[PDB]
Amino acid sequence: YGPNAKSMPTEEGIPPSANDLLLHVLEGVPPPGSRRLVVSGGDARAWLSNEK
Amino acid sequence: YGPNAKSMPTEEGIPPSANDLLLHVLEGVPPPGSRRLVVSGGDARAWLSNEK
Amino acid sequence: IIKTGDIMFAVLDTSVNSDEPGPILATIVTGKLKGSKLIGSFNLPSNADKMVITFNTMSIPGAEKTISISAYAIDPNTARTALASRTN
Amino acid sequence: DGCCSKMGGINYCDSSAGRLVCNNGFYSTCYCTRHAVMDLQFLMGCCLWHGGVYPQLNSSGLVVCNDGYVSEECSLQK
Amino acid sequence: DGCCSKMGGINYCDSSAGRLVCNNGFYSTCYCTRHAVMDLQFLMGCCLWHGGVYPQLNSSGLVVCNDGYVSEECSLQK
Amino acid sequence: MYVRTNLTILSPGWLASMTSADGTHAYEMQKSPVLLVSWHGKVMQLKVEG
Amino acid sequence: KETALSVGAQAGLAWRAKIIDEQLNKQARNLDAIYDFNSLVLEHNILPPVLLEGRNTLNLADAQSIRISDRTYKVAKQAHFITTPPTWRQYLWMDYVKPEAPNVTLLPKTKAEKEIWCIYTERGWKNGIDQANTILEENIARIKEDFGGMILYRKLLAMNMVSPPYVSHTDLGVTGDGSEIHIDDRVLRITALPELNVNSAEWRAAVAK
Amino acid sequence: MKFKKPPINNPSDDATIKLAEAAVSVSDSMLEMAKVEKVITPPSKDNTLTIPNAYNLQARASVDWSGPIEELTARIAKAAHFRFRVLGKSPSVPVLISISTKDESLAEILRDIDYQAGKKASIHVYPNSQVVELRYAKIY
Amino acid sequence: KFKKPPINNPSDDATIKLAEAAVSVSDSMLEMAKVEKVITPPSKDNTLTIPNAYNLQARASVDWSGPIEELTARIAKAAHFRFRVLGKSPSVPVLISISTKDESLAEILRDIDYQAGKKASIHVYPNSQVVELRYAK
């Protein structure tokens, strides 16, 4: 690559798999660095870690 | 290997045996420099020397 | 970071006469500051209709520093700057 | 107020269903835990069904949900 | 409150047993030395079953143990 | 016995070993006529002389 | 005004925590019975690892980008040595230090003040109770997680999906100097950390009756 | 003419409720584990052969033990009036057995103890010589 | 007259559920252990039986941790039996520890063989009052 470079088109990329924190969430352990949430109306649990 | 080379090896040794300080512990003399601890509810003696 | 001129509660434990200004200390009990302490002194007013206390020496626990935020006090449950004592 | 009125009386709250249990073996009808099946079909609050109420507060009365949509009815009128 | 009640009375304290001996030939049901066998399975203590309470001091109520885990119960709220 | 390779030994067990940056292993051990080598997730057995 | 809430929450948390802990301790033996760690310890006093399992996963990245899988397994914590099995206590027991100093600065003076103080204390104490309950929930989830992971490791090993751990013992005779001596020194060192095998050709299935 | 349902008991508690909620799933998983393990492996034999029962060994016992095995086996041998014998060197790591049964046989006590010890210990009985022998595992 | 039910009766639904779950898991683990445990019949156990020679019913105490041949020779000398060995002694000696106060030399020799295992074995001839220590190959 010369002085004017990094202009090649982006090649294909396999999308990443599902985020691995889902395993812990499903098991019931909240992810590290998260905080609990309050939800009513039924039987469910929630957490907020990465504005998600 | 040059300055830009990786050159990152590691070395391992034969594991050590247990501390001979435990021999003094077993014979009953407290280890030097430590302080006595308070034990309640049973038959035991305790000492703290080096956060151990 | 505290908003300009906001409200806090505190407790005074050491009594003093308005005769000799000197160090008087109080303790914050609620709000963000817990167990923080505050040294100050009073002033002598022109007339005996009120009495106010100067609070400047603020010491926050935990950290080794002494900030110099200056503040005054008001009468709780009365919302006045006077003093609850005898004037006759 | 008495959930188990005219019955044996309130025994305990089973959280497996969020239900009070009367002294007579029959289930009560009240709710004794937030984790209960409640069929509520109404809600309040503005900037609903969008990014939610934006945490920051603006000088103007205009309020925008976190998705970028602006809740006109929540914004004060003039 | 007599340990050797309706008995001869206290004779002395056997430390190897950690127990009082009544004047009649029996061991009292009272202890004398803390280095005895007491069957207790309940106790107290913050930061328990970890490195214990860390000796740090915090302006807020945040408290941690020497294992690095925190304890909301030992700390306060806000 | 000084044994140099790029794979890993499993059953005999070493008392001292060294590694290179490029990924070469060299173990020092006592005399053992039989060796167990693990690579690519599979373990096999081989034998030596003297 | 809010010291009411604070002290109510503290007292409620403490009381609920003490009650739940003592009830747990009272119902003791069955807990250790069900959470029998030791019988799952492998031969070489090696704590088996923990497996995480998931089924029918799908992730959407963006337009024309969706990745779907049927099953997934993960190694949560790598296996390692151990000198004594853990118990239910290091997961379920929760601490309790009783507060006894409600700072008597804001006190009830007039009747409405007393009433609002009482009700705020009550609601705060309820909040403390439910918060303690939630903490218990998290503890239960964590311990169930670990036990299930151990079980899943056992089952994958049975199904021949994870290589068993491997260790070597080297023995030396007399050792030391003229001042220090040891009769027989045994050095145990593990090499093969258990891991999944991608070669499906050796996978084994079983059928019951 | 009031109405009731049969099962009426003392009030429960949420902590116990959640304990049961976890435990039922744990039990189901363990059952499935044992089922698949048994169907995949071929069983071979029984330890009754290596420790057959005999006379003067039917006196009933009920135990609650959650510690090591030496005191337990010593007490059992003292009750059985048999010779006590030990083989092997006890490893530094203690071998711990927890048993909570009621009114079983001495032979079944020994069989259960040996089974729970598994690969770390073994039990032999010589009735003709009236001897009970416990052997540590030859490993390490 | 009066009858008191057992104190720790599961008189609650949660209690009964927990207790039965404990029963179930205990049973399952016991079955798994039973099916897993490896055993061998006494018909083909690799061990030495009791010679039952009258001189061997003596009672004594022995504490030791080291070479086996020395201790075995000492025991044979005590019992008035000839002592012999076959095989080449390995450079690394086989070392055993025994610390006992009162038992039979027969049991001592049985323990000796059990600890020796595959490394070597011991044979006893009472008709010709000799003991032999046979190495491995």
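Chains as they are written, first to last, in the deposited numbering: chain EH, 259 to 310; chain FH, 259 to 310; chain PG, 862 to 949; chain DN, 39 to 116; chain EN, 39 to 116; chain WH, 311 to 360; chain MC, 59 to 267; chain ED, 23 to 162; chain Ed, 24 to 160.
Virtual Cβ for every residue (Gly too), placed ideally from N, Cα, C.
Could you tell me whether the Cβ of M76 (chain EN) comes closer than 9 Å to any Cβ of chain FH? yes
Cβ of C68 (chain EN) less than 9 Å from any chain MC Cβ? no
Mapping the DSSP letters down to three states, classify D52 (chain DN) as helix, strand or coil. strand
Whole angstroms are fine: how far does the CA of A137 (chain MC) sit from the CA of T315 (chain WH)? 26 Å
With DSSP as the reference, identify every bridge partner of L944 (chain PG), one or two as the case may be. DSSP output for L944 (chain PG) lists no bridge partner at all.
For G206 (chain MC), count neighbouring Cβ atoms within 10 angstroms of its own Cβ and tell me buried if that reaches 16, exposed if not. buried
Decide if the region 53-70 of chain EN is in contact with the region 67-82 of chain MC; the criterion is three or more beta carbon pairs, one per stretch, under 8 Å apart. no
Given a threshold of 16 other Cβ atoms within 10 Å of its Cβ, counted over all protein chains shown, does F139 (chain MC) qualify as buried or as exposed? exposed
Under 9 Å between the Cβ atoms of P267 (chain FH) and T329 (chain WH)? yes
Would you identify the three-state DSSP class for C68 (chain DN), choosing helix, strand or coil? strand
Leaving aside the five residues before and after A76 (chain ED) along the sequence, list all residues of the same chain whose C-beta is less than 6 Å from its C-beta, in chain order. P149
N185 (chain MC) versus chain PG: which residues are under 9 Å apart at the beta carbon? What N185 (chain MC) touches in chain PG: nothing, since even the nearest Cβ is about 17 Å away.
Verify whether the separation of the beta carbon atoms of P937 (chain PG) and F903 (chain PG) is less than 9 Å. no
Could you tell me whether any Cβ in chain EN is nearer than 9 Å to the Cβ of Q122 (chain MC)? no
Hey, which unbroken runs of the beta strand (DSSP E) at 3 residues or more fall wholly within the region 88-149 of chain ED? 105-109, 118-122 and 143-148
Residue closest to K124 (chain ED), alpha-carbon to alpha-carbon, out of ED:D134, ED:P90 and ED:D35: ED:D134
Under 8 Å between beta-carbons, which chain Ed residues line up against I39 (chain ED)? List them in chain order, please. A37
Contact under 9 Å by Cβ, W151 (chain MC) with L78 (chain EN): no
Quick one: grab the DSSP three-state call for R125 (chain MC). strand
Distance, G89 (chain DN) Cα to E111 (chain DN) Cα: 16 Å
In terms of DSSP beta bridges, what is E111 (chain MC) paired with? MC:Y131
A44 (chain Ed) touches chain ED at which residues, Cβ-Cβ below 8 Å? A42, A45, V46, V48 and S49
So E155 (chain ED) is in the alpha helix (DSSP H); what residue range does that whole segment cover? Premise fails: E155 (chain ED) lies in the beta strand (DSSP E), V153 to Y158, not in any alpha helix (DSSP H).
Mind listing the chain Ed neighbours of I92 (chain MC)? Cutoff is C-beta to C-beta under 7 Å, in chain order. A44, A45 and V48
Who are the near neighbours of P90 (chain Ed) in its chain, counting only those whose CB is closer than 8 Å to its CB and skipping five residues on each side? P116, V117 and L118
Going by beta carbon distance, what residues of the same chain come within less than 7 Å of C60 (chain DN), once the five residues before and after it are set aside? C42, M45, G46, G47, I48, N49 and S66
Burial state of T179 (chain MC), where buried means 16 or more other Cβ atoms lie within 10 Å: buried
Please list the residues of the region 208-229 of chain MC that have a C-beta atom closer than 7 Å to any C-beta atom in chain Ed, keeping them in chain order. none
With 9 Å as the threshold, decide whether the Cβ of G46 (chain DN) is near any Cβ in chain ED. yes
Top-ranked residue by Cα proximity to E203 (chain MC), from EH:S298, EH:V287 and EH:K310: EH:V287
Out of curiosity, what's the CA-to-CA distance linking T141 (chain MC) and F104 (chain ED)? 33 Å
Any contact of the region 94-102 of chain MC with the region 158-174 of chain MC, i.e. 3+ C-beta pairs under 8 Å? no
Whose C-beta lies closer than 8 Å to the C-beta of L214 (chain MC) among residues of the same chain, with five residues either side of it excluded? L109, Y131, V220 and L254
Can you name the start and end residues of the alpha helix (DSSP H) that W175 (chain MC) belongs to? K169 to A216
If you drop the 5 nearest sequence neighbours on each side, which residues of the same chain put their C-beta closer than 8 Å to that of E155 (chain ED)? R107, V108, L109, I145, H146, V147 and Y148
Using beta carbons (cut-off 9 Å, strictly below), is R147 (chain MC) in contact with chain EN? yes
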